[PDB]
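Data first, discussion second: the structure below is written as structure tokens.
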Amino acid sequence: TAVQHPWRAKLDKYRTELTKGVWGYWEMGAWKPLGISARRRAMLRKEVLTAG
Amino acid sequence: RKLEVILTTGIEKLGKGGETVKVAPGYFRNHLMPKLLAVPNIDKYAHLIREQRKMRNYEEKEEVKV
Amino acid sequence: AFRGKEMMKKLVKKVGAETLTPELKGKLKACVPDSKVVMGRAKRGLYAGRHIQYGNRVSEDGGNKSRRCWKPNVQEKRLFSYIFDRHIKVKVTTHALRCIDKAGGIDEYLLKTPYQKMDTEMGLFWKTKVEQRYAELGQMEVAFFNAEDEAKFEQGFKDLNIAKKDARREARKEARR
Amino acid sequence: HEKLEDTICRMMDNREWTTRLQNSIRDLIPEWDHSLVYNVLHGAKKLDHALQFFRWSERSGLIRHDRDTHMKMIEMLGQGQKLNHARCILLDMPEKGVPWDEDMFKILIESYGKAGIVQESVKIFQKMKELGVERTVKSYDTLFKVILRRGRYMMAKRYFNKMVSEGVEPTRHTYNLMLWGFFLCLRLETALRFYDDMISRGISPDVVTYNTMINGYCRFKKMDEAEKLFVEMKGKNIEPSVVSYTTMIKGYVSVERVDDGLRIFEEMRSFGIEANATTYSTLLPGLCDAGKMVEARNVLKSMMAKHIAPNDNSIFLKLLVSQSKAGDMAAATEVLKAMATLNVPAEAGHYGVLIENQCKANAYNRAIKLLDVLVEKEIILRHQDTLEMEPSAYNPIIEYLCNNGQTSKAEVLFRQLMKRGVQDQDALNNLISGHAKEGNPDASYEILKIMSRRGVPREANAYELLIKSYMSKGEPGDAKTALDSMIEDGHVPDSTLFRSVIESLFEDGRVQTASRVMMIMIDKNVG
RNA sequence: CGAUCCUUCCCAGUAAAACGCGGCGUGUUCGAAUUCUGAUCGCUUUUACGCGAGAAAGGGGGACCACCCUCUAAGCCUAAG
RNA sequence: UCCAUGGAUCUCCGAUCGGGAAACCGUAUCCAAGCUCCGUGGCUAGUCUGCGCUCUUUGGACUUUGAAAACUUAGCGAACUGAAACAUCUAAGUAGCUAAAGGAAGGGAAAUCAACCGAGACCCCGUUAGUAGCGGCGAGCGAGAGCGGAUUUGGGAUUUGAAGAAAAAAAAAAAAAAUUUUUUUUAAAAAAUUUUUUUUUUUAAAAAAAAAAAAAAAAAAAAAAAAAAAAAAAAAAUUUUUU
Ligand SMILES: [K+]
Ligand SMILES: [K+]
Ligand SMILES: [K+]
Ligand SMILES: [K+]
Ligand SMILES: [Mg+2]
Ligand SMILES: [Mg+2]
Ligand SMILES: [Mg+2]
Ligand SMILES: [Mg+2]
Ligand SMILES: [Mg+2]
Ligand SMILES: [Mg+2]
Ligand SMILES: [Mg+2]
Ligand SMILES: [Mg+2]
Ligand SMILES: [Mg+2]
Ligand SMILES: [Mg+2]
Ligand SMILES: [Mg+2]
């Protein structure tokens, strides 16, 4: 039943990261890039939004 | 361009031992480096000079006080 | 062209292919340099990636083009090494000299530069040798001494030198006798 | 001011373990000793920080670690199941000049026992004296604690035979642990023989000893023996343990005795401290399966009158469904407010089951009141929750809300439900009918578009009332639009609806639209 | 045998810039940007390194600036067509 | 004769042990181990030991990679010719020479495009389009994005449980409004299994004691042994057991 939505694992992995920003966030005064690149995050967003 | 170096002895127009100074790169590279008059200002050599000078100067102070 | 693969073939042949796990092979591919080094004298020096360029010399009025070359600013220099306590005579570019100045000596340049950026089998050899020598020094210590112990040691060396000099004088007398 | 160990741990928590952080820490510390390392390892916010510090301080030459530092490292490495780490650290201690002690080995045995890898606890118990270290008393007790938890009983017999063979006196701990294992592993006569062997040594049983017997007899489904053992317990002039009476209530909850658990609850006034959390954790399922309510509301009040949260948090929904199927509706809101006030976030099922229970008995208004704060706080769109709103919990309330008034909040609730997993046909059809009768058939049309986009099959009757709600409001052009959507969908209407549509177009002056309806009833042959 | 992490990497002489060429790269010079126990401000605690708040980094989008959008360089691996 | 499989023999150059006018010349490598034969030396002279080579076996020491068309990736890089002459330009990064790598190589999951709407790694085929752009704005050179196809793929770094005086909440009392507002007091109750051997008890039935193991291969490597019944070998009391 995991292949109906194979993107739930990535979404659960990156759920806390995706609240920090789109491309990155500030940590200890410095800028830090996000853990998922913008194109892969866009693919995840498309997978979430195609299922309503 | 200048290089920051830490002196190991006292040089007349530069400064005292253990003090960081700025010199011409050729000056350090061709004179002070091979004669061990100065080390580059990186953390390992700064630590080495600081701790060894602490030990030697502490021995000298303990001899001088008594 | 494929300098990493031909250098890997030499490394595998020298070490022995049975000694290498697949993960170690993957790691070793990431360490062997593969930069585009064609000119022979750069494989014998420390150029830090500088390489001869060929291009056009363009005349001013007519715009005529003829082939020329741009050479790197190579100097043969003696660079002092702390771990060998001697000078090392290397053909360096001035860009590599500036990088060595930033690193804090030839020893620190060899320690901090990764294996892939050494560009050369001889650079790999020198980096490996300096890393091994610094690892040997990393397991050592020196003890210091009190000034009264320093005076006793000075007098001990003085007595050794006087014994050696009197032994030499007596040897000269006995060979004369 | 500040100490040094907490800022060291803040440094390791906020920065990556690079060489410059190590240089900063080394320059920060003016003097190295064992107590500084001990308080750094104790105060480390992660285990990996403590391991990094422990290895860096022994590999930099800044200090040589002693016995208690290695002990602390092995203890917390085995408590987080980094077993090879604590094995390899202990196996480098003879080479460091730091002598082995037995307590490090028994901690490592407990560490391998918590992972259920009891074979290695057996192996390292064998290889203590091979390495040449004392194996006197605590190693035997913890080895039994490890292996009888797994359920090794004849090996326990042999290892206790070796325990008494080499002249080591058993204590009460040893007999209690093997008694617990024997009662656990369904050995009655073995545990009675070992009780007799305990009585041969003449050591006095205590509260934990009688607790182990009543646990064993409670898993034996033999409660009269537990009661006569409690009579013997009172005869021995020992104070009553809370664990003993909780075990009695667990045995009382074998089939029925909630009232016996009430009767011994007033016997705690000779003990002194009544309210432990495990009793409240364990008493609810018996009354929930029995169907007993009156003496449960008061103690549900009492457990927050003494600030107690149960060990299992699923016990609240079980009592919710049992108490709602009993019929006490007004105390279910008390259970909801108790859940909100202890720790527990209220989930979708906790509101939905009560919404169903409210909808089944004529109490729609406070169901609407619950649904309003449910929508406002957005519990349905929470990913942490496990209990979701069931089809029993929204299918009648959507029917009521669409048939008796507002469909705005009905479609708000169902749009929140669609984002989770829900595409039920009945609820969407109810939204269609509600929006049609409320005078807004554009929303019924957009719900049918939602059906067409989401792959849900569409009715043929839901188009009919959409068309007649267009015609009643005086928009026959939209009626022809809906007729086109119906024909494209694959359903064919009746001649009465065609006559109404053609008439409403003709008396509105839309001749060509009526001509297109005439052409399509040529193509469908419906009159 | 034994629950397996103990390190190729410290990461800027880099991006950009001037002149010369060129297949956007390269020769000679030269050279940044936010944090290195983050800082600042307010709060109780009443004399914390807690709790909150705000602003802070770069590339590109036919010179350049502002705004907006988009991406995260300065060595990760990868089938098939 | 012939066929299939497995064997014995198996000159030389190219060529790699050294030299060399290719198909020839010179070549017991060197050094540890343990074994029959061989020969010589020494004792108090018997199953006495101690020195050697030659050749045999197992190792380890020097060093011998190695060819190959096209394709690939790199380095260097023309001129004729066209411009109706010719010098920028063109031919053309072509011809050629050279180096390295593989059965393919290379590229590859955005510091990419778009235009305020959105797309979503890389390569190949079609189209946009001989268009935009470059250019003695001459001759000529000549995209991208998008769209249609082919293949359809992303993985890793990378994630984390955070093991159990004052403010707030919940109980009991009190007042008021049509449930709500305010004040007062507060070791264990979870940890799940099987085989084999021996000796007993008990009404062949099933449980009691004390002895050996496996419920590990999570992670990878090393070694022994590859299914029923019978023949031989070794051990033991030809025969049995194992192999
Ligand atoms: K590839
Ligand atoms: K020409
Ligand atoms: K011509
Ligand atoms: K001519
Ligand atoms: Mg720009
Ligand atoms: Mg622009
Ligand atoms: Mg956008
Ligand atoms: Mg030859
Ligand atoms: Mg011409
Ligand atoms: Mg050309
Ligand atoms: Mg060619
Ligand atoms: Mg080849
Ligand atoms: Mg090949
Ligand atoms: Mg390939
Ligand atoms: Mg396409």
Side-chain angles (χ1 to χ4, degrees), chain A residues 13-14 16-17 23-24 26-31 33-40 42-43 46, chain C residues 1-3 5-6 13 26-28 30-31 36 38 50-58 62-65 67-73 94-95 98-99 102 111-112 114-116, chain D residues 2 6-8 10-11 14-15 18-21 24 28 45-46 48 51 55 79-85 88 115-117 119-120 145 149-151 154 157-158 161 172-173 176-177 180 184-185 189 208 211-212 215 241-247 249-250 276 278-279 282 301-302 304-307 338 341-342:
Chain A
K13 180 186 174 164
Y14 291 117
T16 176
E17 175 94 2
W23 307 287
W26 298 93
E27 177 169 353
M28 288 286 108
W31 193 84
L34 208 72
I36 181 170
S37 81
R39 190 187 65 90
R40 298 166 161 167
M43 276 153 48
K46 192 210 184 202
Chain C
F2 307 118
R3 276 180 40 83
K5 291 159 195 210
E6 63 166 353
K13 189 172 186 287
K27 284 180 163 179
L28 278 159
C31 304
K36 186 172 72 195
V38 173
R50 299 308 211 237
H51 199 267
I52 189 179
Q53 186 198 325
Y54 275 81
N56 284 323
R57 173 156 267 133
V58 188
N64 318 99
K65 305 212 177 169
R67 305 303 290 167
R68 60 160 292 188
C69 72
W70 282 263
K71 289 166 178 181
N73 192 4
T94 59
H95 162 73
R98 214 198 177 209
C99 287
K102 177 175 182 163
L111 288 174
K112 299 212 293 308
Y115 283 106
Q116 209 152 70
Chain D
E2 197 190 9
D6 59 342
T7 179
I8 279 171
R10 173 178 97 247
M11 281 172 113
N14 283 351
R15 308 287 177 175
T18 64
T19 185
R20 78 194 275 163
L21 190 66
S24 294
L28 179 66
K45 299 294 176 72
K46 293 181 182 182
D48 289 345
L51 192 65
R55 283 169 164 162
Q79 294 177 335
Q81 294 177 335
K82 289 181 182 287
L83 300 173
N84 179 48
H85 304 64
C88 281
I117 303 299
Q119 306 171 358
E120 318 291 333
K145 196 182 170 188
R149 200 89 73 202
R150 194 71 191 278
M154 58 182 177
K157 280 169 209 65
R158 300 193 230 198
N161 287 349
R172 44 154 63 89
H173 296 269
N176 282 324
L177 268 61
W180 188 89
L184 174 63
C185 296
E189 72 284 346
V208 175
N211 283 17
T212 303
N215 282 114
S241 166
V242 186
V243 183
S244 45
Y245 290 171
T246 314
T247 313
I249 300 154
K250 183 178 179 181
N276 77 300
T278 316
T279 291
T282 195
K301 296 282 185 67
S302 65
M304 189 50 210
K306 274 308 175 263
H307 315 80
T341 46
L342 270 68

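Atoms considered below: every heavy atom in the structure, side chains included; atoms not considered: hydrogens, waters and symmetry mates. Naming: A, B, ... by sequence-line order, numbering from 1 per chain.
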Checklist outcome for this item: Judged by nearest nucleotide, the residue sitting upstream toward the 5' end of RNA chain F, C185(D) or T212(D), is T212(D)
Checklist entry - Hey, does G55(C) reach any base, or is it just sugar-phosphate, or nothing, if we go heavy atoms under 4.0 Å? => result sugar-phosphate
Checklist entry - Expressed in whole Å, how much space separates the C1' atoms belonging to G54(E) and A48(E)? => result 23 Å
Item to check | Letter per nucleotide, 5' to 3', of nucleotides 155-161 of chain F [B base touched, S only sugar-phosphate touched, - untouched; heavy atoms, 4.0 Å] | outcome: BBBBB--
Item to check | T282(D): partners by side-chain contact (heavy atoms from CB on, under 4.5 Å), with sequence neighbours left out | outcome: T246(D)
Checklist outcome for this item: Contact span of RNA chain E against chain C, any nucleotide atom under 4.0 Å from a heavy atom, 5' to 3', runs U8(E) to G75(E)
Checklist entry - Is there a donor in the side chain of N56(C) and an acceptor in the side chain of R67(C), or the other way round, less than 3.5 Å apart? => result yes
Checklist outcome for this item: Reading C1'-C2'-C3'-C4' for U40(E) with positive as north and negative as south, the pucker comes back north
Checklist entry - Quick one: does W70(C) poke its side chain into the major or the minor groove, using 5.0 Å to the groove atoms? => result minor
Checklist outcome for this item: For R3(C), the side-chain contact (heavy atoms from CB on, under 4.5 Å) test, sequence neighbours excluded, returns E6(C), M7(C), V37(C), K43(C)
Checklist entry - When all nucleic acid strands are considered with a 4.0 Å heavy-atom cut-off, which category describes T341(D): base, sugar-phosphate, or nothing? => result sugar-phosphate
Checklist entry - What pairs with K102(C) under side-chain contact (heavy atoms from CB on, under 4.5 Å), at least two apart in sequence or on another chain? => result none
Checklist entry - Roughly how far apart, to the nearest Å, are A109(F) and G155(F) at atom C1'? => result 10 Å
Next on the checklist: I'd like to check the salt bridge (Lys or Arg N to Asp or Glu O under 4.0 Å) partners of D48(D); sequence neighbours left out, ordered by chain and number.
Outcome noted: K82(D)
Checklist entry - Sequence neighbours excluded, which residues qualify as salt bridge (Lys or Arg N to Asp or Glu O under 4.0 Å) partners of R158(D)? => result none
Checklist outcome for this item: If pairing means Watson-Crick or G-U wobble with both distances under 3.5 Å, then the partner of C123(F) is none
Item to check | Non-neighbouring partners of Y115(C) that pass side-chain contact (heavy atoms from CB on, under 4.5 Å), sequence neighbours left out | outcome: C31(C), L124(C), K127(C), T128(C), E131(C)
Next on the checklist: Between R3(C) and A100(F), is there a contact of a side-chain N or O with OP1 or OP2 at under 4.0 Å?
Outcome noted: no
Checklist entry - What integer number of Å spans the P atoms of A169(F) and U181(F)? => result 11 Å
Next on the checklist: Generate the contact string for nucleotides 87-93 of chain F. Rules: B means base contact, S means sugar-phosphate contact only, - means no protein heavy atom under 4.0 Å.
Outcome noted: SSS---B
Next on the checklist: Considering just the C1'-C2'-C3'-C4' torsion, please state whether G140(F) has a north or south sugar.
Outcome noted: north
Checklist entry - Can you tell me if the sugar in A56(E) is north or south, using the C1'-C2'-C3'-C4' torsion? => result north
Next on the checklist: Could you work out, with salt bridge (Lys or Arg N to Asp or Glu O under 4.0 Å) as the rule, every residue matching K145(D), not counting sequence neighbours?
Outcome noted: none
Item to check | Paired stretches of RNA chain E - 3 or more consecutive Watson-Crick or G-U pairs, each distance under 3.5 Å | outcome: E:17-21 with E:25-29, E:40-43 with E:50-53, E:57-61 with E:68-72
Checklist entry - Less than 4.0 Å between a side-chain N and a carboxylate O, is that true for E27(A) and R15(D)? => result no
Next on the checklist: For a quick test of reading the model, state the closest non-hydrogen atom pair linking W26(A) to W31(A) and the distance between them.
Outcome noted: CE3-N, 3.6 Å
Checklist entry - To the nearest 0.5 Å, how far apart are NZ in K306(D) and CG in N276(D)? => result 14.0 Å
Next on the checklist: Under 4.0 Å, heavy atoms only, any strand: does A38(A) hit a base, just the sugar-phosphate, or nothing?
Outcome noted: sugar-phosphate
Item to check | Any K36(C) side-chain N or O less than 4.0 Å from OP1/OP2 of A100(F) | outcome: no
Next on the checklist: What does the B/S/- profile of nucleotides 206-219 of chain F look like, 5' to 3', with a 4.0 Å heavy-atom cutoff to protein?
Outcome noted: --SSSBBBBBB---
